Q: 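Questions regarding the structure given below will be posed in turn.
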Amino acid sequence: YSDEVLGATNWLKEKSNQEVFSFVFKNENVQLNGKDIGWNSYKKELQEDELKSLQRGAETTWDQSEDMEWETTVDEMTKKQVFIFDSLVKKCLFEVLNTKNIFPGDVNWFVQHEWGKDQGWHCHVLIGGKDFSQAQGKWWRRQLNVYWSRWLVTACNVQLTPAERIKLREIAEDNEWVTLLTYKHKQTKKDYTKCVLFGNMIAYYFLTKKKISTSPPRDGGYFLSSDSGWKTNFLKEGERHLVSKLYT
Ligand SMILES: [Mg+2]
């Protein structure tokens, strides 16, 4: 096996039992005063240095994980928007880490963009580490949703009035466009943050998904993944399944 596959397997296995939060970053369709704001209406490339660097990282992750044996026919607009969202999601995570004075190297994280049968594009984030505890989950979801809604309104490519921008900002927050995994519960009852096990969830679940290679995307497929160790980023689908196999 390649050093890359062996390296990824070992990195995940070392973290098999690390407790982490599970978030999903998403968006929902919005119509404001006749103006349609769809899942891919956020294609401004903002000239902030860190954001640009992050988007370049997403592009190269896509490029290196592309299997060229076969052909890929994913829409250009779709790829572009996913690259932009990868940069925005990570910007949000890093902004909250800054708030907590958490050194990025003390954090384990994993990001995976997917296409759901019903909801379409969304992005799973697993994140945790020594500076993280379960009771902080609700706060993390709220802070992340603040930055996510803020960045989405800045990246929106639909011409909006100030009133419409504010409406969009409050929709993204009120409707929780960042979700946090909790234990199952009744509506009026308490919800408890449900941490997951980092390495196991990646190897036994996220790495089992099928690669999106077409437009429209295959339901339940993944676009792009990355992690805090740059371990899974460049893996082709076949290599990801090998990682799962070796991990067991
Ligand atoms: Mg999913």
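Side-chain atoms are counted along with the backbone in the values below, which use heavy atoms only and exclude waters and symmetry mates. Along the sequence shown, residues carry numbers from 1. Order of listing sets the numbers, starting from 1, for every ligand and every atom in it.
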Q: Answer yes if the side chains of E114 and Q112 hold a donor-acceptor pair under 3.5 Å, and no otherwise.
A: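 Looking only at side-chain atoms, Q112 and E114 do form a donor-acceptor pair, the distance falling under 3.5 Å.
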
Q: Against the six-membered ring of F206, is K209 placed for a cation-pi contact (under 6.0 Å from the centre, within 45° of the normal)?
A: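 No, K209 and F206 do not form such a contact.
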
Q: Measuring centre to centre across the rings, with the benzene-like ring taken for any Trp, is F25 within less than 6.0 Å of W177?
A: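 Judged by ring-centre distance (under 6.0 Å), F25 and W177 do not meet the cut-off.
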
Q: Within less than 2.8 Å, report the number of protein N/O/S atoms around the Mg ion (ligand 1).
A: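 Counting protein N, O and S atoms closer than 2.8 Å to the Mg ion (ligand 1) gives 3.
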
Q: I want to check a possible cation-pi pair here: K211 against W62, using under 6.0 Å from ring centre and within 45° of the ring axis as the test.
A: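 Checked: cation-pi criterion met.
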
Q: Could you give me the CA-CA distance, side-chain angles and deciding distance for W230 and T61, then say whether side chain to side chain contact (heavy atoms under 4.5 Å, CB included) is met?
A: CA-CA 9 Å; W230 290 76; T61 293; 3.9 Å; yes

Q: Is it true that the side chains of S149 and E173 contain a donor and an acceptor less than 3.5 Å apart?
A: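 Per modelled atom types, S149 and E173 side chains form a pair under 3.5 Å.
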
